[PDB]
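Everything below concerns the one structure shown next.
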Amino acid sequence: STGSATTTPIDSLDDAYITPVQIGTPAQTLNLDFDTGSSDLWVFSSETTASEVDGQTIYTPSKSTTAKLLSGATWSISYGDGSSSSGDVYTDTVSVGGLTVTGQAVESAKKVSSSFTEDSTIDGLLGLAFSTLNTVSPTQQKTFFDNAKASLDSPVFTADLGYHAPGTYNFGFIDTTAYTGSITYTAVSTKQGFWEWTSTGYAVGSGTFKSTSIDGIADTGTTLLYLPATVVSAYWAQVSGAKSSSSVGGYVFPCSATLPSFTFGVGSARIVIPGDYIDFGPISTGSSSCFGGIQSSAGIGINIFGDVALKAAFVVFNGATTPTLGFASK
C-alpha cells in the first residue's frame, strides 16, 4: 500500500505545516502537525478542558463506531519549545492520504498548554520519530508509520515541504518526479529515538565550504534551523546589522537586509537553503527588526534540522531494518 497527502503551511511564515488525517468511523478529519521529532499521535477532543479549546476541530470518540478506550492508558508529553499536553487513549482507524491503519493509538487530550490553545490551526500532532519515544503508559504504543510499515510497498515515508506553499507527505514510495539529481543517503542513529544524522559541513552564501561534522535531528515539527553557536555566528556575521538579542530570544536582523543562502552537507552532496527561507519577519507587528531562521542550539542540547532546512530538500525517512535518511535537491 501507499499514501499521499498534501501538507499546508499554517501561516505566511511557514511556522508549521498541517496535514489532513481521517480518524474514526465515519471519518472525522483533523489537521495534524506531522512531527518527525516525536512519537505520539494526539488530538484535541471532546475530552479536552473546554477553556483550552479555541477554534480547533475536535475528535469525538463516542461518535466513532470503531473507537475503543485503551483501558488504563494515559499519556503526557512536553516538547522542546516548552509546550505540553496530556490525556487518555483510544484505538481507532486512522487514514492519511489513502493509507489506512486499524487499531492506531489516538491519544485524546484532556489538557493542553496555552501555546496549543492559542493556535487554532493545529488540531493535534502525528509523531513520526521512533516508537521508543512514545509516552503512553503503562503500555507504550506504536506510531502511525510503525503500524503501517509492513503493509507499505517500501518501508519509507518522504517529506517535501514547500516554501510559502503546500507540499507533500508520501508513505510507501519515492516519487522520482519530486526532486532533481540524486538522493544522497546518510546513516541514522536511533539511540535517542530521533532521526539523528551527521551533516558533513556548511557554507554561508557563496563562501567556501567548511568540512565539519554536525550531529543533529531531522525534525519536521520544529520551525527553525538550530546549529552550533560557531556556525550561527559565521552566518549572521554576513548580514549587516544582525545581532543576537537576549531580550528577543535569538538573532535578529534589519528587515531591509538581503539574506545570504546557507548550504549544509549530506555526505558529498550539498543542500542550499535560499536566503529568503531564513526570514521570519518582524519580531512584532510593524517592527523593522526581523527574526532569523537560523538560531543557536546552545542549551537545547541537540542540533535541529527543522523546517527551514528540510523545506529546501526532498527528504526520505527510510524505515528499513537499519534506518537511513535521504536528501535530494528539488
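Ordering of the C-alpha cells sets the chain letters (A, B, ...); residue numbers start at 1 within each chain; ligands are numbered from 1 in the order shown.
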
For region 87-163 of chain A against region 192-207 of chain A, with a cut-off of 8 Å and counting only C-alpha atoms, what is the closest atom pair and its distance in Å to one decimal for every residue that makes the cut, ordered by chain and number, as a Markdown table?
| residue | atom | partner | partner_atom | distance |
| --- | --- | --- | --- | --- |
| A:129 | CA | A:194 | CA | 5.4 |
| A:130 | CA | A:193 | CA | 5.1 |
| A:131 | CA | A:193 | CA | 7.4 |
| A:132 | CA | A:193 | CA | 5.9 |
| A:133 | CA | A:193 | CA | 5.8 |

Just C-alpha atoms for this one: save the residues we selected as a PDB file, in the first residue's frame.
ATOM      1  CA  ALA A 129      10.040   9.610  15.230  1.00  0.00           C
ATOM      2  CA  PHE A 130      10.788   6.138  16.624  1.00  0.00           C
ATOM      3  CA  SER A 131       8.166   4.435  18.757  1.00  0.00           C
ATOM      4  CA  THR A 132      10.630   4.172  21.655  1.00  0.00           C
ATOM      5  CA  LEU A 133       9.762   7.839  22.386  1.00  0.00           C
TER       6      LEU A 133
END

Closest contacts (region 188-276 of chain A/region 313-329 of chain A, max 9 Å, only C-alpha atoms) as JSON lines:
{"residue": "A:188", "atom": "CA", "partner": "A:324", "partner_atom": "CA", "distance": 5.0}
{"residue": "A:189", "atom": "CA", "partner": "A:323", "partner_atom": "CA", "distance": 8.0}
{"residue": "A:190", "atom": "CA", "partner": "A:323", "partner_atom": "CA", "distance": 8.0}
{"residue": "A:195", "atom": "CA", "partner": "A:325", "partner_atom": "CA", "distance": 7.6}
{"residue": "A:196", "atom": "CA", "partner": "A:325", "partner_atom": "CA", "distance": 8.8}
{"residue": "A:197", "atom": "CA", "partner": "A:325", "partner_atom": "CA", "distance": 7.7}
{"residue": "A:218", "atom": "CA", "partner": "A:325", "partner_atom": "CA", "distance": 8.6}
{"residue": "A:266", "atom": "CA", "partner": "A:327", "partner_atom": "CA", "distance": 7.2}
{"residue": "A:269", "atom": "CA", "partner": "A:328", "partner_atom": "CA", "distance": 8.5}
{"residue": "A:270", "atom": "CA", "partner": "A:329", "partner_atom": "CA", "distance": 8.1}
{"residue": "A:271", "atom": "CA", "partner": "A:329", "partner_atom": "CA", "distance": 6.1}
{"residue": "A:272", "atom": "CA", "partner": "A:329", "partner_atom": "CA", "distance": 7.9}
{"residue": "A:273", "atom": "CA", "partner": "A:313", "partner_atom": "CA", "distance": 8.6}

Selected residues written out with N, CA, C and O atoms, as a CSV table (one decimal), in the first residue's frame:
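Contents of result19.csv, freshly written:
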chain,number,residue,atom,x,y,z
A,188,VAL,N,21.8,6.9,10.1
A,188,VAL,CA,21.0,7.4,11.2
A,188,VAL,C,21.3,6.6,12.5
A,188,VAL,O,21.5,5.4,12.4
A,189,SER,N,21.4,7.3,13.6
A,189,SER,CA,21.4,6.7,14.9
A,189,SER,C,20.0,6.9,15.5
A,189,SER,O,19.4,8.0,15.6
A,190,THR,N,19.4,5.7,16.0
A,190,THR,CA,18.1,5.8,16.6
A,190,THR,C,18.3,5.7,18.2
A,190,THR,O,17.3,5.6,18.9
A,195,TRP,N,15.4,10.7,14.3
A,195,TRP,CA,16.1,10.6,13.0
A,195,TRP,C,17.4,11.4,13.1
A,195,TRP,O,17.4,12.6,12.6
A,196,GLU,N,18.4,10.9,13.8
A,196,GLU,CA,19.6,11.6,14.1
A,196,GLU,C,20.7,11.2,13.1
A,196,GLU,O,20.9,10.0,12.8
A,197,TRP,N,21.4,12.2,12.5
A,197,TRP,CA,22.3,12.0,11.5
A,197,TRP,C,23.5,13.0,11.6
A,197,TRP,O,23.4,13.9,12.5
A,218,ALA,N,16.6,15.4,12.1
A,218,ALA,CA,15.7,15.8,11.0
A,218,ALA,C,14.3,15.9,11.7
A,218,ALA,O,13.7,14.9,12.0
A,266,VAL,N,25.4,16.8,3.0
A,266,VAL,CA,24.9,15.5,3.2
A,266,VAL,C,25.9,14.6,2.5
A,266,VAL,O,25.8,14.5,1.2
A,269,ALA,N,27.2,15.5,-1.0
A,269,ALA,CA,26.2,16.3,-1.6
A,269,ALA,C,26.0,17.6,-0.8
A,269,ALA,O,26.4,17.7,0.4
A,270,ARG,N,25.3,18.6,-1.4
A,270,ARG,CA,25.1,19.9,-0.8
A,270,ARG,C,23.6,20.3,-1.0
A,270,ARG,O,23.1,20.2,-2.1
A,271,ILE,N,23.0,20.7,0.1
A,271,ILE,CA,21.6,21.3,0.0
A,271,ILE,C,21.7,22.8,0.3
A,271,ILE,O,22.3,23.2,1.3
A,272,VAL,N,21.2,23.6,-0.6
A,272,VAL,CA,21.2,25.0,-0.5
A,272,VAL,C,19.9,25.6,0.0
A,272,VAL,O,18.9,25.4,-0.6
A,273,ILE,N,19.9,26.3,1.2
A,273,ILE,CA,18.8,27.0,1.7
A,273,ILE,C,18.8,28.4,1.2
A,273,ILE,O,19.7,29.1,1.6

Residue 49 (chain A) environment, 6 Å, only C-alpha atoms, sequence neighbours closer than 2 positions dropped, as number ranges by chain: A: 51-52, 110-111

Let me make sure I understand: among A:71, A:38, A:2, A:296, which one has the smallest atom-to-atom distance to residue 139 (chain A) if we use only C-alpha atoms?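 Counting only C-alpha atoms, the residue closest to residue 139 (chain A) is A:71.
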
Residues near residue 6 (chain A), anyone? I mean within 10 Å using only C-alpha atoms, not counting same-chain ones fewer than 4 positions away, as a ChimeraX atom specification. /A:17-20,96-97,160-161,166-170

Which residue, A:143, A:291, A:219, A:234, has the smallest gap to residue 248 (chain A) when you use only C-alpha atoms? A:291

Determine the nearest neighbour of residue 123 (chain A) from the options A:256, A:48, A:66, A:233, counting only C-alpha atoms. A:48

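Straight-line separation from CA of residue 260 (chain A) to CA of residue 278 (chain A): 8.7 Å.
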
Of A:22, A:297, A:29, A:7, the one nearest to residue 216 (chain A) when counting only C-alpha atoms is A:297

Name the closest residue to residue 151 (chain A) among the candidates A:163, A:185, A:34, A:173; distances are taken between atoms, counting only C-alpha atoms. A:173

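Nearest to residue 112 (chain A) of all the residues A:78, A:222, A:84, A:60 is A:84, counting only C-alpha atoms.
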
Identify all residues of region 81-154 of chain A in alpha helix (DSSP H) (DSSP on the backbone) and supply them as number ranges by chain. A: 114-117, 144-148

Quote the spacing between CA of residue 289 (chain A) and CA of residue 255 (chain A) in Å to one decimal place. 5.5 Å

Separating CA of residue 104 (chain A) from CA of residue 56 (chain A), to the nearest tenth of an Å, is a gap of 21.4 Å
